[PDB]
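See structure below.
When we count neighbours, we look across all protein chains shown, and the Cβ atoms used for this are built from the backbone with ideal geometry, even at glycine. What follows is calculated from the coordinates using simple rules that are stated; it is not laboratory data.
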Ligand SMILES: CNc1ccc(NS(=O)(=O)c2cc3cccc(C)c3s2)cn1
């Protein structure tokens, strides 16, 4: 039993809610919140910008130190950093950005990072301003992640579209 509430059950381990992932993190304070990052951990917009703004830019400061030490992530890769005021940890996961011309087959590799954590709050990777089809992202999620994932979808109309088309 965990403190996630109001989520619609999609499968054995995947649950979904029409919610702001930032507001859900502040309420639940989960062990792991997933950020939809880029390889440089530049959290300017989208989920990343929203999470980072909610940390008062502390996420960006920590991320810049991480990159200065380790260099960029791989597309499909991840790193664990602090969750600041939002969660114990933030798992920064790089899904392919179709608008940048990156390989969509890397979406499965990106979701595999979730399997290293028992319970996560997460967005649909590569969706939104990353340019992939969210119906596809949800399918890859359900077919790849085996741990317990609580998906937050900001767009009300997309949430309804995702539920009603889910096989
Ligand atoms: C197509 N139009 C549209 C509008 C709103 C949303 N919302 S969302 O699924 O929470 C969401 C936003 C976002 C922003 C950056 C990166 C990611 C991975 C995500 S994922 C989705 N799609």
Within the stretch 1-55, how many residues turn out to be away from the ligand (no atom under 15 Å from the Cβ), outside any loop (DSSP other than H, G, I, E, B) and within 29 Å of residue 102 (Cα to Cα)?
1
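Can residue 100 be described as over 13 Å from the mean Cα position of the chain (by Cα) and within 13 Å of the ligand (Cβ to nearest atom)?
In short, yes.
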Residues that are within 11 Å of the ligand (Cβ to nearest atom) and farther than 24 Å from residue 160 by Cα, drawn from the stretch 103-135:
110
For a quick check of your reading of the model, give me the residue pairs whose first member lies in the stretch 121-150 and is at positive phi, whose second is more than 13 Å from the ligand (Cβ to nearest atom) and part of a helix (DSSP H, G or I), with beta-carbon atoms closer than 9 Å and at least 6 apart or on different chains.
126/106
Tabulated pairs, the stretch 9-21, first over 29 Å from residue 49 (Cβ atoms), second more than 10 Å from the ligand (Cβ to nearest atom) and outside any loop (DSSP other than H, G, I, E, B), C-beta under 8 angstrom, 6+ apart or interchain
9/15; 11/142
